[PDB]
>>> print(open('entry-v1.pdb').read())   # PDB, C-alpha atoms
ATOM      1  CA  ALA F   1       0.000   0.000   0.000  1.00  0.00           C
ATOM      2  CA  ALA F   2       1.017   3.673  -0.148  1.00  0.00           C
ATOM      3  CA  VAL F   3       1.900   3.762   3.607  1.00  0.00           C
ATOM      4  CA  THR F   4       3.801   0.830   5.077  1.00  0.00           C
ATOM      5  CA  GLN F   5       4.888   0.277   8.691  1.00  0.00           C
ATOM      6  CA  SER F   6       7.598  -2.035  10.043  1.00  0.00           C
ATOM      7  CA  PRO F   7       7.512  -4.188  12.002  1.00  0.00           C
ATOM      8  CA  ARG F   8       3.917  -5.486  11.780  1.00  0.00           C
ATOM      9  CA  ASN F   9       4.211  -6.943  15.318  1.00  0.00           C
ATOM     10  CA  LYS F  10       6.678  -6.259  18.029  1.00  0.00           C
ATOM     11  CA  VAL F  11       7.145  -7.736  21.486  1.00  0.00           C
ATOM     12  CA  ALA F  12       9.467  -5.807  23.724  1.00  0.00           C
ATOM     13  CA  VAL F  13      10.503  -6.168  27.273  1.00  0.00           C
ATOM     14  CA  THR F  14      10.017  -3.357  29.799  1.00  0.00           C
ATOM     15  CA  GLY F  15      12.988  -0.955  29.430  1.00  0.00           C
ATOM     16  CA  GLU F  16      13.741  -1.831  25.798  1.00  0.00           C
ATOM     17  CA  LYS F  17      14.237   0.976  23.256  1.00  0.00           C
ATOM     18  CA  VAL F  18      11.806   0.254  20.354  1.00  0.00           C
ATOM     19  CA  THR F  19      11.777   1.914  16.921  1.00  0.00           C
ATOM     20  CA  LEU F  20       8.723   1.752  14.698  1.00  0.00           C
ATOM     21  CA  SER F  21       9.157   2.796  11.144  1.00  0.00           C
ATOM     22  CA  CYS F  22       6.775   4.192   8.572  1.00  0.00           C
ATOM     23  CA  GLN F  23       7.464   4.675   4.894  1.00  0.00           C
ATOM     24  CA  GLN F  24       5.207   6.441   2.393  1.00  0.00           C
ATOM     25  CA  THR F  25       5.013   6.649  -1.415  1.00  0.00           C
ATOM     26  CA  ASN F  26       2.342   9.378  -1.630  1.00  0.00           C
ATOM     27  CA  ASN F  27       4.727  12.272  -1.580  1.00  0.00           C
ATOM     28  CA  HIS F  28       2.639  13.954   1.203  1.00  0.00           C
ATOM     29  CA  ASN F  29       4.434  16.480   3.364  1.00  0.00           C
ATOM     30  CA  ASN F  30       2.685  15.669   6.613  1.00  0.00           C
ATOM     31  CA  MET F  31       2.968  12.363   8.503  1.00  0.00           C
ATOM     32  CA  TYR F  32       1.404  11.409  11.820  1.00  0.00           C
ATOM     33  CA  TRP F  33       1.812   8.713  14.506  1.00  0.00           C
ATOM     34  CA  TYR F  34      -1.249   7.684  16.511  1.00  0.00           C
ATOM     35  CA  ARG F  35      -1.970   4.879  18.978  1.00  0.00           C
ATOM     36  CA  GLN F  36      -5.403   3.237  19.138  1.00  0.00           C
ATOM     37  CA  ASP F  37      -6.834   2.150  22.492  1.00  0.00           C
ATOM     38  CA  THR F  38     -10.249   0.993  23.655  1.00  0.00           C
ATOM     39  CA  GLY F  39     -12.315   3.950  24.863  1.00  0.00           C
ATOM     40  CA  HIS F  40      -9.982   6.561  23.388  1.00  0.00           C
ATOM     41  CA  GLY F  41     -10.056   6.032  19.649  1.00  0.00           C
ATOM     42  CA  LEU F  42      -6.941   7.199  17.852  1.00  0.00           C
ATOM     43  CA  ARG F  43      -4.763   9.646  19.797  1.00  0.00           C
ATOM     44  CA  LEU F  44      -2.060  11.698  18.166  1.00  0.00           C
ATOM     45  CA  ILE F  45       1.460  11.086  19.470  1.00  0.00           C
ATOM     46  CA  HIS F  46       3.746  13.205  17.240  1.00  0.00           C
ATOM     47  CA  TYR F  47       3.437  14.548  13.692  1.00  0.00           C
ATOM     48  CA  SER F  48       5.637  16.233  11.132  1.00  0.00           C
ATOM     49  CA  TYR F  49       5.367  18.907   8.440  1.00  0.00           C
ATOM     50  CA  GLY F  50       8.421  17.782   6.429  1.00  0.00           C
ATOM     51  CA  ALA F  51      11.918  16.264   6.634  1.00  0.00           C
ATOM     52  CA  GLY F  52      13.743  17.310   9.790  1.00  0.00           C
ATOM     53  CA  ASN F  53      10.584  18.565  11.486  1.00  0.00           C
ATOM     54  CA  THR F  54       8.602  16.888  14.212  1.00  0.00           C
ATOM     55  CA  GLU F  55       5.872  18.398  16.381  1.00  0.00           C
ATOM     56  CA  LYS F  56       4.336  17.055  19.617  1.00  0.00           C
ATOM     57  CA  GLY F  57       0.785  15.757  19.374  1.00  0.00           C
ATOM     58  CA  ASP F  58      -1.592  15.222  22.271  1.00  0.00           C
ATOM     59  CA  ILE F  59       0.209  12.436  24.149  1.00  0.00           C
ATOM     60  CA  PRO F  60       3.948  12.801  23.376  1.00  0.00           C
ATOM     61  CA  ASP F  61       5.245  11.640  26.781  1.00  0.00           C
ATOM     62  CA  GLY F  62       7.423   8.600  26.628  1.00  0.00           C
ATOM     63  CA  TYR F  63       7.997   8.831  22.669  1.00  0.00           C
ATOM     64  CA  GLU F  64      10.363  10.615  20.411  1.00  0.00           C
ATOM     65  CA  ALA F  65       9.923  10.810  16.694  1.00  0.00           C
ATOM     66  CA  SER F  66      12.198  11.477  13.776  1.00  0.00           C
ATOM     67  CA  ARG F  67      11.600  12.456  10.198  1.00  0.00           C
ATOM     68  CA  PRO F  68      14.939  11.671   8.479  1.00  0.00           C
ATOM     69  CA  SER F  69      13.594  12.184   4.999  1.00  0.00           C
ATOM     70  CA  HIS F  70      10.478  13.022   3.126  1.00  0.00           C
ATOM     71  CA  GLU F  71       9.501   9.316   2.795  1.00  0.00           C
ATOM     72  CA  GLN F  72      10.214   8.123   6.325  1.00  0.00           C
ATOM     73  CA  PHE F  73       8.779   8.885   9.803  1.00  0.00           C
ATOM     74  CA  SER F  74      10.019   6.910  12.851  1.00  0.00           C
ATOM     75  CA  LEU F  75       8.500   6.551  16.280  1.00  0.00           C
ATOM     76  CA  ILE F  76      10.862   5.731  19.148  1.00  0.00           C
ATOM     77  CA  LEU F  77       9.710   4.348  22.494  1.00  0.00           C
ATOM     78  CA  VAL F  78      12.748   5.430  24.475  1.00  0.00           C
ATOM     79  CA  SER F  79      12.191   2.947  27.312  1.00  0.00           C
ATOM     80  CA  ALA F  80       9.211   0.689  26.789  1.00  0.00           C
ATOM     81  CA  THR F  81       6.607   0.379  29.568  1.00  0.00           C
ATOM     82  CA  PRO F  82       3.588  -1.925  29.639  1.00  0.00           C
ATOM     83  CA  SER F  83       1.183   1.039  29.287  1.00  0.00           C
ATOM     84  CA  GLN F  84       2.678   1.586  25.797  1.00  0.00           C
ATOM     85  CA  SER F  85       1.276  -1.783  24.687  1.00  0.00           C
ATOM     86  CA  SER F  86      -1.148  -0.712  21.929  1.00  0.00           C
ATOM     87  CA  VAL F  87      -1.781  -0.746  18.146  1.00  0.00           C
ATOM     88  CA  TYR F  88       0.235   2.079  16.473  1.00  0.00           C
ATOM     89  CA  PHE F  89      -0.897   3.661  13.184  1.00  0.00           C
ATOM     90  CA  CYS F  90       1.210   5.805  10.914  1.00  0.00           C
ATOM     91  CA  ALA F  91      -0.567   8.105   8.419  1.00  0.00           C
ATOM     92  CA  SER F  92       0.420  10.624   5.631  1.00  0.00           C
ATOM     93  CA  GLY F  93      -1.870  13.487   4.659  1.00  0.00           C
ATOM     94  CA  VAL F  94      -2.505  16.690   2.701  1.00  0.00           C
ATOM     95  CA  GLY F  95      -5.426  19.009   3.513  1.00  0.00           C
ATOM     96  CA  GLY F  96      -8.150  16.936   5.165  1.00  0.00           C
ATOM     97  CA  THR F  97      -6.909  13.630   3.496  1.00  0.00           C
ATOM     98  CA  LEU F  98      -5.482  10.880   5.702  1.00  0.00           C
ATOM     99  CA  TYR F  99      -3.824   7.754   4.320  1.00  0.00           C
ATOM    100  CA  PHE F 100      -3.293   5.092   7.222  1.00  0.00           C
ATOM    101  CA  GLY F 101      -0.784   2.256   7.321  1.00  0.00           C
ATOM    102  CA  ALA F 102      -2.064  -1.145   8.385  1.00  0.00           C
ATOM    103  CA  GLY F 103      -0.863  -0.770  12.020  1.00  0.00           C
ATOM    104  CA  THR F 104       1.841  -2.279  14.359  1.00  0.00           C
ATOM    105  CA  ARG F 105       0.737  -4.351  17.391  1.00  0.00           C
ATOM    106  CA  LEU F 106       3.103  -3.793  20.231  1.00  0.00           C
ATOM    107  CA  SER F 107       3.139  -5.795  23.453  1.00  0.00           C
ATOM    108  CA  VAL F 108       5.460  -4.748  26.245  1.00  0.00           C
ATOM    109  CA  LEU F 109       6.434  -7.436  28.727  1.00  0.00           C
TER     110      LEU F 109
END
>>> encode(input="entry-v1.pdb", output="structure tokens")
Amino acid sequence: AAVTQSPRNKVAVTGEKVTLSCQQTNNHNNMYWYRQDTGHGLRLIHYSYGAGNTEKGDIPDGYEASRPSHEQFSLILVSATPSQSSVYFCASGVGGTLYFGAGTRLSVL
């Protein structure tokens, strides 16, 4: 698809540094990282307006992001904790258009 995330699944142990990666072929400037949890829906973690830029979303604590290039947006869990166990969704967008990746299930032990 036009937005792909790696890995598809990840199991980490408490304290592990985890990197989720998201690659797009849409040529969209903006990219977003969300987590999805029961009751909350999709909450915005960090986003980016272009290469080298990242901006904090609604729940940035615990996570760093990096946008090394136009095509790539990475989410870093600096020291995994069980409350970060979730399904993570990368998206690219222009205007009101959102194009989601298929999601990464993460389980922290």
>>> resolve_selection(input="entry-v1.pdb", expression="the PyMOL selection byres ((chain F and resi 70) around 7)", output="count of residues only")
6
>>> closest_residue(input="entry-v1.pdb", among="F:35, F:8, F:46, F:67", to="residue F:102", atoms="only C-alpha atoms")
F:8
>>> atom_distance(input="entry-v1.pdb", atom1="atom CA of residue F:100", atom2="atom CA of residue F:19")
18.2 Å
>>> atom_distance(input="entry-v1.pdb", atom1="atom CA of residue F:61", atom2="atom CA of residue F:7")
21.8 Å
>>> closest_residue(input="entry-v1.pdb", among="F:74, F:26, F:38, F:66", to="residue F:93", atoms="only C-alpha atoms")
F:26
>>> resolve_selection(input="entry-v1.pdb", expression="the PyMOL selection byres ((chain F and resi 25) around 12)", output="list in words")
residues 1, 2, 3, 4, 5, 22, 23, 24, 26, 27, 28, 29, 31, 70, 71, 72, 91, 92, 93, 99 and 101 of chain F
>>> atom_distance(input="entry-v1.pdb", atom1="atom CA of residue F:107", atom2="atom CA of residue F:11")
4.9 Å
>>> axis_aligned_box(input="entry-v1.pdb", around="stretch 86-103 of chain F", padding_each_side="8 Å", output="AutoDock Vina command-line options")
--center_x -3.5 --center_y 8.9 --center_z 12.3 --size_x 25.4 --size_y 36.2 --size_z 35.2
>>> resolve_selection(input="entry-v1.pdb", expression="the PyMOL selection byres ((chain F and resi 81) around 8)", output="PyMOL selection string")
chain F and resi 13-15+79-80+82-85+108-109
>>> build_atoms(input="entry-v1.pdb", residues="stretch 39-69 of chain F", atoms="N, CA and C atoms", output="PDB file, keeping the file's coordinate frame")
ATOM      1  N   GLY F  39     -11.763   2.811  24.137  1.00  0.00           N
ATOM      2  CA  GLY F  39     -12.315   3.950  24.863  1.00  0.00           C
ATOM      3  C   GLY F  39     -11.832   5.289  24.322  1.00  0.00           C
ATOM      4  N   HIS F  40     -10.619   5.300  23.779  1.00  0.00           N
ATOM      5  CA  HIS F  40      -9.982   6.561  23.388  1.00  0.00           C
ATOM      6  C   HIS F  40     -10.072   6.831  21.893  1.00  0.00           C
ATOM      7  N   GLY F  41     -10.094   5.785  21.068  1.00  0.00           N
ATOM      8  CA  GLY F  41     -10.056   6.032  19.649  1.00  0.00           C
ATOM      9  C   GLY F  41      -8.583   6.215  19.321  1.00  0.00           C
ATOM     10  N   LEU F  42      -8.296   7.031  18.310  1.00  0.00           N
ATOM     11  CA  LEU F  42      -6.941   7.199  17.852  1.00  0.00           C
ATOM     12  C   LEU F  42      -6.433   8.459  18.452  1.00  0.00           C
ATOM     13  N   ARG F  43      -5.340   8.428  19.233  1.00  0.00           N
ATOM     14  CA  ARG F  43      -4.763   9.646  19.797  1.00  0.00           C
ATOM     15  C   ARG F  43      -3.422   9.987  19.185  1.00  0.00           C
ATOM     16  N   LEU F  44      -3.177  11.261  18.957  1.00  0.00           N
ATOM     17  CA  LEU F  44      -2.060  11.698  18.166  1.00  0.00           C
ATOM     18  C   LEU F  44      -0.835  11.753  19.053  1.00  0.00           C
ATOM     19  N   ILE F  45       0.233  11.089  18.628  1.00  0.00           N
ATOM     20  CA  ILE F  45       1.460  11.086  19.470  1.00  0.00           C
ATOM     21  C   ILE F  45       2.429  12.195  19.046  1.00  0.00           C
ATOM     22  N   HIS F  46       2.884  12.170  17.795  1.00  0.00           N
ATOM     23  CA  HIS F  46       3.746  13.205  17.240  1.00  0.00           C
ATOM     24  C   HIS F  46       3.362  13.302  15.807  1.00  0.00           C
ATOM     25  N   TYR F  47       3.656  14.427  15.142  1.00  0.00           N
ATOM     26  CA  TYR F  47       3.437  14.548  13.692  1.00  0.00           C
ATOM     27  C   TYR F  47       4.568  15.308  13.079  1.00  0.00           C
ATOM     28  N   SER F  48       4.505  15.570  11.776  1.00  0.00           N
ATOM     29  CA  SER F  48       5.637  16.233  11.132  1.00  0.00           C
ATOM     30  C   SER F  48       5.166  16.933   9.875  1.00  0.00           C
ATOM     31  N   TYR F  49       5.717  18.123   9.616  1.00  0.00           N
ATOM     32  CA  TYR F  49       5.367  18.907   8.440  1.00  0.00           C
ATOM     33  C   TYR F  49       6.322  18.707   7.270  1.00  0.00           C
ATOM     34  N   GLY F  50       7.433  18.001   7.492  1.00  0.00           N
ATOM     35  CA  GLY F  50       8.421  17.782   6.429  1.00  0.00           C
ATOM     36  C   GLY F  50       9.714  17.245   7.043  1.00  0.00           C
ATOM     37  N   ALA F  51      10.659  16.856   6.194  1.00  0.00           N
ATOM     38  CA  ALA F  51      11.918  16.264   6.634  1.00  0.00           C
ATOM     39  C   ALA F  51      12.577  17.151   7.628  1.00  0.00           C
ATOM     40  N   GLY F  52      13.010  16.590   8.750  1.00  0.00           N
ATOM     41  CA  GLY F  52      13.743  17.310   9.790  1.00  0.00           C
ATOM     42  C   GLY F  52      12.830  17.926  10.835  1.00  0.00           C
ATOM     43  N   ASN F  53      11.527  17.968  10.545  1.00  0.00           N
ATOM     44  CA  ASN F  53      10.584  18.565  11.486  1.00  0.00           C
ATOM     45  C   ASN F  53       9.806  17.472  12.187  1.00  0.00           C
ATOM     46  N   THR F  54       9.622  17.640  13.495  1.00  0.00           N
ATOM     47  CA  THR F  54       8.602  16.888  14.212  1.00  0.00           C
ATOM     48  C   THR F  54       7.952  17.832  15.193  1.00  0.00           C
ATOM     49  N   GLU F  55       6.683  17.562  15.490  1.00  0.00           N
ATOM     50  CA  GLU F  55       5.872  18.398  16.381  1.00  0.00           C
ATOM     51  C   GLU F  55       5.157  17.481  17.375  1.00  0.00           C
ATOM     52  N   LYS F  56       4.977  17.914  18.621  1.00  0.00           N
ATOM     53  CA  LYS F  56       4.336  17.055  19.617  1.00  0.00           C
ATOM     54  C   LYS F  56       2.858  17.032  19.399  1.00  0.00           C
ATOM     55  N   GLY F  57       2.239  15.862  19.558  1.00  0.00           N
ATOM     56  CA  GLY F  57       0.785  15.757  19.374  1.00  0.00           C
ATOM     57  C   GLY F  57       0.166  15.883  20.753  1.00  0.00           C
ATOM     58  N   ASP F  58      -0.863  15.098  21.045  1.00  0.00           N
ATOM     59  CA  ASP F  58      -1.592  15.222  22.271  1.00  0.00           C
ATOM     60  C   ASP F  58      -0.984  14.427  23.416  1.00  0.00           C
ATOM     61  N   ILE F  59      -0.325  13.305  23.125  1.00  0.00           N
ATOM     62  CA  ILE F  59       0.209  12.436  24.149  1.00  0.00           C
ATOM     63  C   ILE F  59       1.672  12.075  23.854  1.00  0.00           C
ATOM     64  N   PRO F  60       2.565  13.079  23.775  1.00  0.00           N
ATOM     65  CA  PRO F  60       3.948  12.801  23.376  1.00  0.00           C
ATOM     66  C   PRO F  60       4.827  12.141  24.452  1.00  0.00           C
ATOM     67  N   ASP F  61       4.371  12.122  25.698  1.00  0.00           N
ATOM     68  CA  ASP F  61       5.245  11.640  26.781  1.00  0.00           C
ATOM     69  C   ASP F  61       5.626  10.206  26.619  1.00  0.00           C
ATOM     70  N   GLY F  62       6.924   9.958  26.658  1.00  0.00           N
ATOM     71  CA  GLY F  62       7.423   8.600  26.628  1.00  0.00           C
ATOM     72  C   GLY F  62       8.094   8.306  25.312  1.00  0.00           C
ATOM     73  N   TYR F  63       7.841   9.138  24.067  1.00  0.00           N
ATOM     74  CA  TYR F  63       7.997   8.831  22.669  1.00  0.00           C
ATOM     75  C   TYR F  63       8.819   9.957  22.113  1.00  0.00           C
ATOM     76  N   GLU F  64       9.695   9.621  21.190  1.00  0.00           N
ATOM     77  CA  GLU F  64      10.363  10.615  20.411  1.00  0.00           C
ATOM     78  C   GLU F  64      10.017  10.240  19.010  1.00  0.00           C
ATOM     79  N   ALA F  65      10.137  11.167  18.079  1.00  0.00           N
ATOM     80  CA  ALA F  65       9.923  10.810  16.694  1.00  0.00           C
ATOM     81  C   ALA F  65      11.056  11.364  15.850  1.00  0.00           C
ATOM     82  N   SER F  66      11.268  10.815  14.665  1.00  0.00           N
ATOM     83  CA  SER F  66      12.198  11.477  13.776  1.00  0.00           C
ATOM     84  C   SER F  66      11.767  11.357  12.332  1.00  0.00           C
ATOM     85  N   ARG F  67      11.973  12.435  11.578  1.00  0.00           N
ATOM     86  CA  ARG F  67      11.600  12.456  10.198  1.00  0.00           C
ATOM     87  C   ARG F  67      12.914  12.650   9.431  1.00  0.00           C
ATOM     88  N   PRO F  68      13.642  11.543   9.195  1.00  0.00           N
ATOM     89  CA  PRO F  68      14.939  11.671   8.479  1.00  0.00           C
ATOM     90  C   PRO F  68      14.854  12.114   7.006  1.00  0.00           C
ATOM     91  N   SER F  69      13.733  11.885   6.367  1.00  0.00           N
ATOM     92  CA  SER F  69      13.594  12.184   4.999  1.00  0.00           C
ATOM     93  C   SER F  69      12.134  12.419   4.752  1.00  0.00           C
TER      94      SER F  69
END
